[PDB]
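Read the single chain below, which is given as structure tokens and is the form deposited in one PDB entry.
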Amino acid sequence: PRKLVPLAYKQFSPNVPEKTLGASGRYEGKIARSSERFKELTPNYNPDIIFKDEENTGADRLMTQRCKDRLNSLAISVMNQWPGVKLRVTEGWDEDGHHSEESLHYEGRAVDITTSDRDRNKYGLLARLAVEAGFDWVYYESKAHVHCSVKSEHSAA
């Protein structure tokens, strides 16, 4: 086994920019409910994940299949890491323009996460678990959350 080293505040892994092919790849444009690409999004109702849903719209649950798969893997690892604690999503798909101009939040490929107990001291390790869970980019963006994203299925050729 390898020793698990938490990410430090503002560290990102892999250590390259988010929207490079070695990480989560390109911005593909905003997804709105009326978009054809809204069909890229699937609602995550994993009982072992808490969703903040501050907008009261269920947007936080709507994400791409790859995002869902990586998040679901991480959910198991979080419960393993801290028995009694669960993975929590505080911001998923954003319909409201609350990020920078070309955010993967706008297309359901990024989630901001915490632990269910909101113990900020756990977040560096949470970030390392997100890397181990296979998220394509993980960024300890604020003391209050870890930003995790995935690539799209649209660079296969």
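Heads up: residue numbers just count along the shown sequence, starting at 1.
What comes next is about the form deposited with a partner chain bound, which does not appear here.
Taking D96, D48, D69, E132 one by one, only a single residue has any non-hydrogen atom within 4.5 Å of the partner chain in the entry with it bound, and it is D96. Residue contact with the partner chain in the entry with it bound: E107 places no heavy atom within 4.5 Å of it.
With a 4.5 Å cutoff on heavy atoms, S34 does not count as touching the partner chain in the entry with it bound; it lies far away. Among heavy atoms of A144, some come within 4.5 Å of the partner chain in the entry with it bound. The partner chain is not shown here, and in the entry with it bound it never comes within 4.5 Å of any heavy atom of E102.
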